[PDB]
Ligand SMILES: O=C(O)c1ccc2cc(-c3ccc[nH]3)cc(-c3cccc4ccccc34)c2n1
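Okay, here we've got a single chain as structure tokens, the form solved without the named molecule, with questions on binding and movement later.
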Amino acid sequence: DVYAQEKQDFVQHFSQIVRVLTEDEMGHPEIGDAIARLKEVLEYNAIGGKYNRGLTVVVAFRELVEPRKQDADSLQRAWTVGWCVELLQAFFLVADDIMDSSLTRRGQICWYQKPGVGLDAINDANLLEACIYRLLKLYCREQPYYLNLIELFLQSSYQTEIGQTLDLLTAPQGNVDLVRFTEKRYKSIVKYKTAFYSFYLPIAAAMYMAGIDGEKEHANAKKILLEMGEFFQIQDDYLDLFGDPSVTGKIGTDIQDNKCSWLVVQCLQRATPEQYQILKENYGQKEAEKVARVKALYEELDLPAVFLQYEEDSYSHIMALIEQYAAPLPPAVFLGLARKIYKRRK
């Protein structure tokens, strides 16, 4: 597994990231306390996941750049850009956990739930985002791809926030509206909210770093990676309810939060009129008893087995897309990522 291999070097580079970001202090002691707080935010929220989005940048870069051009500086840049993707993710998750009223993340209390943090985490989240652009300037500003990366991170963040807006608008609190939860709407949500930044962004970053900037090259890659991202989000939705929290490191809130999840969309396609009412009376509410009722309806409709069939069909579909669209990139760039996300239970 090419990810297990790169992973140690990647995670080891984290101190260097933290050191370089916490040395904006040297010229300005007056910001010392803010920098200390940034370090605490980095250590709590950027560490402890699987590093798969960041690691994808490094794996792809080694696979796309001739080994002779992989000098120490080039590699450092690669690990820094991977860390920029991790930082984006940390930004997103800190904010999303507030928005979704989540309890835990990566095996611990959500940052905003800590006594003394609360909605100060909005600022913390946005500091994480800032760090991306400081790292890109500090490590890449003289490279011919610098602007390309900046634009890519900014565009990916815009798209992601557009997705997040569709997510919140499709899920109004205190209102039951099942009629909105369609397959078509679901696919749009997840494409925007998850698939651009989790799949297109890291591979595209590595492409640009390898000098692969062609519009066609990027569009072909994107066809593969947006579909892989739809599957990843569907798996995330399944794991919200049916995943084991000691594996996933987080507690599910989709049913309470009235979310357009793949599960509710699937349920709706299959429910009888009686069951539609059951869903209607119980969905989108805080009461544990009502959440359990929704889960029992999902289990009655064999939605786990529906998920397992879908995962198998999606995996084939994605592999067909790799066959169509990988060239002239090595298929391994996509295959290692597919392997990483399929059968994933965390």
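Throughout, rigid core stands for the largest set of C-alpha atoms superposing within 1.5 Å between the two forms. Counting begins at 1, following the sequence as shown.
Taken in 8 other deposited structures of this protein and fitted on the core, 81 to 89 and 230 to 238 differ in how far their Cα atoms move from the shown form, and the one that moves more is 230 to 238. Of the two stretches examined, 147 to 155 and 255 to 263, the one with higher mean CA deviation in 8 other deposited structures of this protein after a rigid core fit is 255 to 263. Look at the C-alpha B-factors of 129 to 137 and of 179 to 187. On average they run higher in 179 to 187. In this entry, the higher average B-factor at the C-alpha atoms falls on 266 to 274, of the pair 105 to 113 and 266 to 274. Between the residues 165, 246, 80, 220, it is 246 that shows the highest Cα B-factor in the PDB record. When the modelled residues of the chain are ordered by C-alpha B-factor, residue 259 sits in the lowest third. Placement of the Cα temperature factor of residue 216 within the chain: highest third of the modelled residues, per the deposited record.
Looking at the C-alpha B-factors along this chain, the one for residue 239 belongs to the middle third. In the deposited entry, the Cα temperature factor of residue 152 places it in the lowest third of its chain's modelled residues.
When the modelled residues of the chain are ordered by their C-alpha B factor, residue 74 lands in the highest third.
Another form exists, deposited with the named molecule bound; not displayed. Remarks below refer to it.
Blocked site. The named molecule, superposed from its pose in the deposited bound form, has 3 or more atoms within 2.4 Å of backbone or C-beta atoms of the chain shown. For the residues 111, 199, 79, 181, the 4.5 Å heavy atom test against the named molecule in the deposited bound form is passed only by 199. Note on the partner interface in the deposited bound form: the residue among 50, 39, 28, 280 having a heavy atom within 4.5 angstroms of the named molecule is 50. Stretch 231 to 239 is the answer when you ask which of 140 to 148, 71 to 79, 270 to 278, 231 to 239 has residues with heavy atoms within 4.5 Å of the named molecule in the deposited bound form. The closest non-hydrogen atom of residue 2 lies beyond 4.5 Å of the named molecule in the deposited bound form.
Of the residues in 309 to 325, none comes within 4.5 Å of the named molecule in the deposited bound form through any heavy atom.
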